[PDB]
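Report on the following structure.
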Amino acid sequence: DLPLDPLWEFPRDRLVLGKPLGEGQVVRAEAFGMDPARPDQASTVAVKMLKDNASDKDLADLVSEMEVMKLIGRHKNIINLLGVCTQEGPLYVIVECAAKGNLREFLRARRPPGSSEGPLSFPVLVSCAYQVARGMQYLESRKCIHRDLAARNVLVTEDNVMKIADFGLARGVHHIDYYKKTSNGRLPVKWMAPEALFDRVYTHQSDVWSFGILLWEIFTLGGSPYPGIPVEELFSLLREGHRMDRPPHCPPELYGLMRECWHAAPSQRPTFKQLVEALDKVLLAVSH
Ligand SMILES: *CCC(=O)Nc1cccc(C)c1Nc1ncc2cc(-c3c(Cl)c(OC)cc(OC)c3Cl)ccc2n1
């Protein structure tokens, strides 16, 4: 069973399914008449569906993610829900499709060779960071705690709009496995805050810690956090107050905000609202 939510319901026959994107499995599609102002117009979207092997639990995960997306609402800096297909077939959840892929691969693809300068100068990297903070400010105001904020979960559109992905999984029924390898072989637990790692508690300020790590990923052009360090010793270092060094090409304002994001005590970290305003002021400092 699945109830008709008429206003989110999109007829599945107006989708032309295309290339698999990844893995719950995801396909690119063309959708006709997403915006009812031009009802025959094609747009490109991403469609999520269950795999053949799926259990009750997998269905509940996809459904719960869809329902949290409905509740959270739309914002320019997040992957927005566009539609769902729940009648007369398998469940499809339809979302915005970001043509340049994830921010980690985007950054890594644009690292310059040797000392030669690259396209992604300080103001560009700061603007990126600002966009991510605006998305997170939005999520924060909607009482959403991400639990896996990282460059791999930020997608880049054709117009270089940064969009937060996978923000429905925590309030959803899905259990995040922080020891499940990224496509890169890295471990998500390297973005988790010490209160979650040691005290087993998550707060709104836990995502701020993760944002600090994401800042570091940005200014290293898609580098691996705590490079060289196996998680076991990483965790003992984090006991003694170890923090990542300022990366080689980074404005001091941004390292300053990283250090603030990485206060041991969650209650001492800034909010995304404060972070948005701070990055707005850095951009102006730097670009004028
Ligand atoms: C848009 C055309 C394209 O080829 N895009 C593409 C190629 C290679 C890698 C990536 C990451 C993409 N873009 C892309 N854009 C948006 C995506 C959105 C999701 C997604 C889904 Cl399907 C759901 O389903 C409920 C929920 C999400 O988070 C709230 C997200 Cl982020 C998956 C993959 C996407 N890929």
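Naming scheme: A, B, ... for chains in displayed order of the structure tokens; residues 1 onward per chain; ligands 1 onward as shown.
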
query = Which residues come within 12 Å of stretch 29-32 of chain A, counting only C-alpha atoms, excluding same-chain residues fewer than 5 positions away, as a VMD selection string?
reply = chain A and resid 10 to 21 37 to 48 82 to 84 92 to 97

task = Please run DSSP on the backbone and report, as a VMD selection string, all residues within stretch 8-248 of chain A that come out as alpha helix (DSSP H).
result = chain A and resid 56 to 72 103 to 108 122 to 141 194 to 198 204 to 219 231 to 239

So that I have them on file, write out the residues from the current selection with C-alpha atoms, as a PDB file, in the first residue's frame.
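The resulting file, part_19.pdb, is shown below:
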ATOM      1  CA  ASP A  56      10.211  -4.336   3.900  1.00  0.00           C
ATOM      2  CA  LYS A  57      13.036  -2.406   5.571  1.00  0.00           C
ATOM      3  CA  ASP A  58      14.366  -1.002   2.277  1.00  0.00           C
ATOM      4  CA  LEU A  59      10.914   0.168   1.264  1.00  0.00           C
ATOM      5  CA  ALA A  60      10.447   1.893   4.653  1.00  0.00           C
ATOM      6  CA  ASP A  61      13.823   3.633   4.129  1.00  0.00           C
ATOM      7  CA  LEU A  62      12.889   5.073   0.699  1.00  0.00           C
ATOM      8  CA  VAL A  63       9.426   6.050   1.902  1.00  0.00           C
ATOM      9  CA  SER A  64      10.686   7.699   5.089  1.00  0.00           C
ATOM     10  CA  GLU A  65      13.225   9.690   3.074  1.00  0.00           C
ATOM     11  CA  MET A  66      10.484  10.869   0.691  1.00  0.00           C
ATOM     12  CA  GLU A  67       8.274  11.918   3.626  1.00  0.00           C
ATOM     13  CA  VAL A  68      11.068  13.896   5.334  1.00  0.00           C
ATOM     14  CA  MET A  69      11.834  15.664   2.014  1.00  0.00           C
ATOM     15  CA  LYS A  70       8.123  16.659   1.781  1.00  0.00           C
ATOM     16  CA  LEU A  71       8.219  18.041   5.322  1.00  0.00           C
ATOM     17  CA  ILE A  72      11.452  20.003   4.959  1.00  0.00           C
ATOM     18  CA  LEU A 103      31.630  18.437  -5.000  1.00  0.00           C
ATOM     19  CA  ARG A 104      34.516  16.062  -4.045  1.00  0.00           C
ATOM     20  CA  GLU A 105      35.017  14.948  -7.709  1.00  0.00           C
ATOM     21  CA  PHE A 106      34.330  18.513  -8.890  1.00  0.00           C
ATOM     22  CA  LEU A 107      37.169  19.839  -6.675  1.00  0.00           C
ATOM     23  CA  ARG A 108      39.558  17.013  -7.471  1.00  0.00           C
ATOM     24  CA  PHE A 122      40.126  31.782  -3.006  1.00  0.00           C
ATOM     25  CA  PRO A 123      36.940  33.741  -3.795  1.00  0.00           C
ATOM     26  CA  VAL A 124      35.468  30.811  -5.751  1.00  0.00           C
ATOM     27  CA  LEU A 125      36.248  28.348  -2.927  1.00  0.00           C
ATOM     28  CA  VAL A 126      34.764  30.830  -0.355  1.00  0.00           C
ATOM     29  CA  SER A 127      31.593  31.256  -2.489  1.00  0.00           C
ATOM     30  CA  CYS A 128      31.206  27.463  -2.582  1.00  0.00           C
ATOM     31  CA  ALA A 129      31.566  27.294   1.165  1.00  0.00           C
ATOM     32  CA  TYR A 130      28.959  30.090   1.514  1.00  0.00           C
ATOM     33  CA  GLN A 131      26.424  28.205  -0.653  1.00  0.00           C
ATOM     34  CA  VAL A 132      26.848  25.085   1.460  1.00  0.00           C
ATOM     35  CA  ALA A 133      26.346  27.160   4.670  1.00  0.00           C
ATOM     36  CA  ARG A 134      23.159  28.708   3.221  1.00  0.00           C
ATOM     37  CA  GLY A 135      21.803  25.189   2.531  1.00  0.00           C
ATOM     38  CA  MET A 136      22.707  24.085   6.009  1.00  0.00           C
ATOM     39  CA  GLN A 137      21.207  27.295   7.510  1.00  0.00           C
ATOM     40  CA  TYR A 138      18.033  26.323   5.765  1.00  0.00           C
ATOM     41  CA  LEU A 139      18.134  22.721   7.064  1.00  0.00           C
ATOM     42  CA  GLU A 140      18.954  24.023  10.623  1.00  0.00           C
ATOM     43  CA  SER A 141      15.826  26.259  10.539  1.00  0.00           C
ATOM     44  CA  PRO A 194      33.572  13.804  19.236  1.00  0.00           C
ATOM     45  CA  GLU A 195      30.273  13.972  21.118  1.00  0.00           C
ATOM     46  CA  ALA A 196      28.853  11.395  18.664  1.00  0.00           C
ATOM     47  CA  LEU A 197      32.086   9.380  18.534  1.00  0.00           C
ATOM     48  CA  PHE A 198      32.717   9.183  22.292  1.00  0.00           C
ATOM     49  CA  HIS A 204      22.531  20.398  15.917  1.00  0.00           C
ATOM     50  CA  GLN A 205      26.080  21.434  16.614  1.00  0.00           C
ATOM     51  CA  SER A 206      27.381  18.013  15.496  1.00  0.00           C
ATOM     52  CA  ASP A 207      26.790  19.013  11.807  1.00  0.00           C
ATOM     53  CA  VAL A 208      28.808  22.205  12.419  1.00  0.00           C
ATOM     54  CA  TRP A 209      31.836  20.017  13.263  1.00  0.00           C
ATOM     55  CA  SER A 210      31.251  18.131   9.972  1.00  0.00           C
ATOM     56  CA  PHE A 211      30.999  21.450   8.139  1.00  0.00           C
ATOM     57  CA  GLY A 212      34.484  22.349   9.538  1.00  0.00           C
ATOM     58  CA  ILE A 213      35.791  19.152   7.954  1.00  0.00           C
ATOM     59  CA  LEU A 214      34.032  19.974   4.668  1.00  0.00           C
ATOM     60  CA  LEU A 215      35.734  23.410   4.724  1.00  0.00           C
ATOM     61  CA  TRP A 216      39.067  21.600   4.964  1.00  0.00           C
ATOM     62  CA  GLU A 217      38.059  19.363   1.985  1.00  0.00           C
ATOM     63  CA  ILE A 218      37.234  22.444  -0.064  1.00  0.00           C
ATOM     64  CA  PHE A 219      40.515  24.226   0.571  1.00  0.00           C
ATOM     65  CA  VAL A 231      40.694   5.582  12.311  1.00  0.00           C
ATOM     66  CA  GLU A 232      41.787   3.775  15.506  1.00  0.00           C
ATOM     67  CA  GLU A 233      44.689   6.087  16.145  1.00  0.00           C
ATOM     68  CA  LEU A 234      42.732   8.997  14.745  1.00  0.00           C
ATOM     69  CA  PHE A 235      40.275   8.415  17.605  1.00  0.00           C
ATOM     70  CA  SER A 236      42.983   8.382  20.306  1.00  0.00           C
ATOM     71  CA  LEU A 237      44.462  11.586  18.826  1.00  0.00           C
ATOM     72  CA  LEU A 238      41.025  13.203  19.035  1.00  0.00           C
ATOM     73  CA  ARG A 239      41.062  12.316  22.783  1.00  0.00           C
TER      74      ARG A 239
END

inquiry  = Please return, as a list in words, all residues of stretch 67-193 of chain A that DSSP assigns to strand (DSSP E) on the basis of the backbone.
reply    = residues 81, 82, 83, 84, 85, 92, 93, 94, 95, 96, 101, 102, 154, 155, 156, 162, 163 and 164 of chain A

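Between atom CA of residue A:202 and atom CA of residue A:102 the interatomic distance comes to 25.3 Å.
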
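Considering only C-alpha atoms and all ligand atoms, the residue among A:173, A:286, A:279, A:155 positioned nearest to ligand 1 is A:155.
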
query = In terms of the shortest atom-to-atom distance over only C-alpha atoms, which of A:280, A:74, A:193, A:245 is closest to residue A:263?
reply = A:193

message = Report, in Å to a single decimal, how far apart atom CA of residue A:226 and atom CA of residue A:241 are.
response = 13.3 Å

inquiry  = So the first atom is atom 30 (C, counted along the ligand's line) of ligand 1 and the second is atom CA of residue A:79; what is the distance between them in Å, to one decimal place?
reply    = 6.2 Å
